[PDB]
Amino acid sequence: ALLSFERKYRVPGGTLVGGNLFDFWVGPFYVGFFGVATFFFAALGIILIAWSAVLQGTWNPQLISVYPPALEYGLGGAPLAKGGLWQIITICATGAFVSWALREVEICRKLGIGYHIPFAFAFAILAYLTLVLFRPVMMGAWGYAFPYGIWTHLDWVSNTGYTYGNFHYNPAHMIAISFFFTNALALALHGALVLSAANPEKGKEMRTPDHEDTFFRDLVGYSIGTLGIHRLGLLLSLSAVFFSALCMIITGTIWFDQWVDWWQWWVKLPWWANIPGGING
């Protein structure tokens, strides 16, 4: 139940609510008030999803889908059968996630470390909240939000994209994607660099972070260093998601036509709009 070194850290304290009431573990899991909170929300959510499943008439996880209230309901409520359950499940989802973040803060306090992790998580929650809460509200109906179902949610992404032509042309989305790819590049390299110093050629001794700096300089002419790479990862990650939220908060709202056509602002700029030749004249 404990790691060989863990006991010294399982001291009282760090909670935000309830003092010592919920200050304990269950197995490896820390609990706290927000352990009890996420459990409650998560369990109500699953029970509602399970009950939504019986009303749809299925139990296959690749068919269960809790669809948001049809657009006619606007921003009001819907019968449970025909929208209500999604709305309540969404309330539970946000409850569960926000609680999970606040629980992470509690663990951080008890462990004497920085609050970086829940701060990072907050970005994912914000992304979710853009799709299910902020965007639909600016648009004026819950029906624009995505449904909760393995494939039905992919159907939604596809139909939502093609509403605006090839969604590749959304420029916030272009930046989003670049951060995603760059992040995964940076993850590969980081993983492999540290591993290549920890695991040198057979029989040779562990290399040193100097070797890591040396290796990369030799290769690309620069090395960000061991603090930098951890800052970089965190920044590329959160940036990807930041721009994901942005690229969707503006779609359906400030821009709602075909994205490819937005690029005509550049090409019609007065000083070159009318010069012959090229692709556009």
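Residue numbers run from 1 along the displayed sequence.
Judged by mean Cα B factor in the deposited record, 78-86 ranks above the other of 78-86 and 161-169.
For the two regions 54-62 and 38-46, the entry's Cα B-factors average higher over 54-62. Split the chain's modelled residues into thirds by C-alpha temperature factor. Residue 267 is in the highest one. Annotation for residue 210: CA B-factor lies in the lowest third of the chain's modelled residues. Split the chain's modelled residues into thirds by C-alpha temperature factor. Residue 273 is in the highest one. Among all modelled residues in its chain, residue 199 ranks in the middle third by Cα B-factor. Per the deposited record, the Cα B-factor of residue 237 falls in the highest third when ranked against the other modelled residues of its chain.
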